[PDB]
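Just below is one structure, and these are the notes that go with it.
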Amino acid sequence: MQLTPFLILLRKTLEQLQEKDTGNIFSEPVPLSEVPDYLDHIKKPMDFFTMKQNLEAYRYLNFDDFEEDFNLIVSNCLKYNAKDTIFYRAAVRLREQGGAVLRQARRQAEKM
Ligand SMILES: CCOC(=O)c1ccc2c(c1)NC(=O)[C@@H](C)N2
Numbered sequence: 628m629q630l631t632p633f634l635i636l637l638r639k640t641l642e643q644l645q646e647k648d649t650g651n652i653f654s655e656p657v658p659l660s661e662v663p664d665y666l667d668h669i670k671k672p673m674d675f676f677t678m679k680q681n682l683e684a685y686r687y688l689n690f691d692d693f694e695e696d697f698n699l700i701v702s703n704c705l706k707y708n709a710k711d712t713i714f715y716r717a718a719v720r721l722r723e724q725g726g727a728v729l730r731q732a733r734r735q736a737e738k739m
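As numbered in the UniProt record's numbering, residues 628 to 739 make up the sequence shown, in order.
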């Protein structure tokens, strides 16, 4: 397991996950200016831009740490937003579509 091919794969996987976020509602931190009470019960906010920064800082050296932050994007959104909102359903769909992306990516990593 070499570092450079692995990060190439995480970069490709991150792009495939962002592609599932057609609304771009997960690509940047939740704007605290518009959601001022957001950090009341969300102890670790997460988004795809932050994941890209963490990736390039070598903070993802295994698949599970990368997948954990993706799951955080999903779980934070399910936690904060009511079930009858667009945001909540978008997180459900991201969980479903992103899960398929991640399983295939992990198979490619397990070949390495
Ligand atoms: C510009 C104002 O838009 C929002 O209020 C807003 C913008 C982005 C958001 C969000 C709210 N809440 C979330 O849970 C996730 C989906 N991101």
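Note that beta-carbon positions come from the ideal geometry of N, C-alpha and C, so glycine has one too.
Looking only at its own chain, which residues have a Cβ that is under 6 Å from the Cβ of residue i, when we skip the five neighbours before and after it?
| i | result |
| --- | --- |
| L644 | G725 and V728 |
| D691 | none |
The alpha helix (DSSP H) spanning residue i covers which residue range?
| i | result |
| --- | --- |
| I635 | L630 to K647 |
Leaving out five residues on either side along the sequence, give the residues of the same chain with a beta carbon under 7 Å from the beta carbon of residue i.
| i | result |
| --- | --- |
| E661 | none |
| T712 | none |
| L641 | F675, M678, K679 and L682 |
State yes or no: is the C-beta of residue i nearer than 6 Å to some heavy atom of ligand 1?
| i | result |
| --- | --- |
| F675 | no |
| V657 | yes |
Give the list of continuous beta strand (DSSP E) stretches no shorter than 3 residues that lie fully inside the region 668-718. Fully enclosed beta strand (DSSP E) runs of 3 or longer: not present.
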